[PDB]
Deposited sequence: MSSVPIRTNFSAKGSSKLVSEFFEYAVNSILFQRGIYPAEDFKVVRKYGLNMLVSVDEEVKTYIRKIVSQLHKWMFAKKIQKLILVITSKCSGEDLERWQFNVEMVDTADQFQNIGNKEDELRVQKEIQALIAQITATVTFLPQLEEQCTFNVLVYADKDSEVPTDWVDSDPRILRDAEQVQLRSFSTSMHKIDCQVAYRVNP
């Protein structure tokens, strides 16, 4: 309900952020908008906006139905065709007016950490593309635009656990795997 909406929106902003920070599209293809008390980068490109929108709309449906366990974003060199980086958002069911504010602060902190990953992440020196995966319940409804895939887990990867935020409904955290 409220939580699925909130979380889906977070996914939209996070995906944009990763795309900008990892240099998947050039800086000029984004603009600054104020969200979570931060300056967030968000695509101004109609094609990219539409791609992301389709994705996020489906994610919102799966959140509402409680079908989605994880959202995955993998980054891949167009040169070698191999996966260099894997961002994994874990969705778990948790076991007032103030709560909305708290959630906003927690999200802020997670986004700041996502940005701070720039301190240790290898520079991507080749143009990369990206793919998005979700882990879902077996009984989930799958639209034509989504299809079976292996998890594309990284081999010989470093992995970092980021912070989480919780609504009254969902606990969301982020992990990043990468190859040095």
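By the record, the deposited chain contains unmodelled runs at 1-12, 108-116, 202-203, with no C-alpha atoms placed there.
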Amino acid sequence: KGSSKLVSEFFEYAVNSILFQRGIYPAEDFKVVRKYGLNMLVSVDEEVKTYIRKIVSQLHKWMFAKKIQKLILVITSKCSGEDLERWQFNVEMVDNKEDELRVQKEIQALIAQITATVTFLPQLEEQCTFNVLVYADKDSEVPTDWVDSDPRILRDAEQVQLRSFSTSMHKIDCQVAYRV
From here on, numbers count along this sequence of modelled residues.
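Stretches compared: 58-66, 115-123. Higher mean C-alpha B-factor in the entry: 58-66.
The question of which stretch, 128-136 or 26-34, has the higher mean Cα B factor is settled in favour of 26-34. Comparing the C-alpha B-factors of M169, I18, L162, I172 in the entry, the top value falls on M169. Ranked within its chain, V176 lands in the lowest third, by CA B factor from the PDB record.
For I52, the recorded CA temperature factor ranks within the lowest third of the chain's modelled residues. When the CA B factors of the chain's modelled residues are split into thirds, the value for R86 lands in the lowest one.
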